[PDB]
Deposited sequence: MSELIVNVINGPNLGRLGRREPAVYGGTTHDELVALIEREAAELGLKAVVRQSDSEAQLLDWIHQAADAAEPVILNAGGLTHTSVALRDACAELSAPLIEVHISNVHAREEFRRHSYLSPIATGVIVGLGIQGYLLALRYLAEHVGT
């Protein structure tokens, strides 16, 4: 079982210490320990994210998805996640509820399986672990 980890705009800037690279590695280590294969990609492009989403729908694979700012603004991304037949675990590194009010809304939580927020980089790992079971 392949799991798709899709980091959205800005997450390449992670740590600018836990860099995006340290994230990618860290995820693959728990991935392989869980008897899973994680494919982690990031892009600042909404088009690109939509497309990785489309693929994972065609391939019936779960998606762990940290969309960054697009979480609060984008119906298109929501609509592409809605076709996922497999589980979708939305993730935030930071507690989105402790910050600005507009971050407390997510177009994604309603069509997602579960949501992990403010647990730091481990959100992802704990998400993989869930997807091991379903």
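- If you line the structure up with the deposited chain, the stretches without a C-alpha atom are 1-3, 20-26, 145-147.
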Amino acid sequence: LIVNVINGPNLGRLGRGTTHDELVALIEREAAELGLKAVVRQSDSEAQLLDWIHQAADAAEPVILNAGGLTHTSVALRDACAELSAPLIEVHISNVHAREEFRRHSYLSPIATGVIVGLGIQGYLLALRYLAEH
From here on, numbers count along this sequence of modelled residues.
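- A summary of the deposited B-factors shows that, of 27-35 and 43-51, the stretch with the larger mean C-alpha value is 27-35.
- Of the two segments, 17-25 and 122-130, the one listed with the higher mean B-factor is 17-25 (C-alpha atoms only).
- Per-chain ranking of the deposited C-alpha B factor places residue 101 in the highest third.
- When the modelled residues of the chain are ordered by C-alpha B-factor, residue 108 sits in the lowest third.
- When the modelled residues of the chain are ordered by their C-alpha B factor, residue 65 lands in the lowest third.
- Sort the chain's modelled residues by C-alpha temperature factor and residue 76 lands in the lowest third, per the entry.
- Annotation for residue 93: C-alpha temperature factor in the lowest third relative to the rest of the modelled chain, per the entry.
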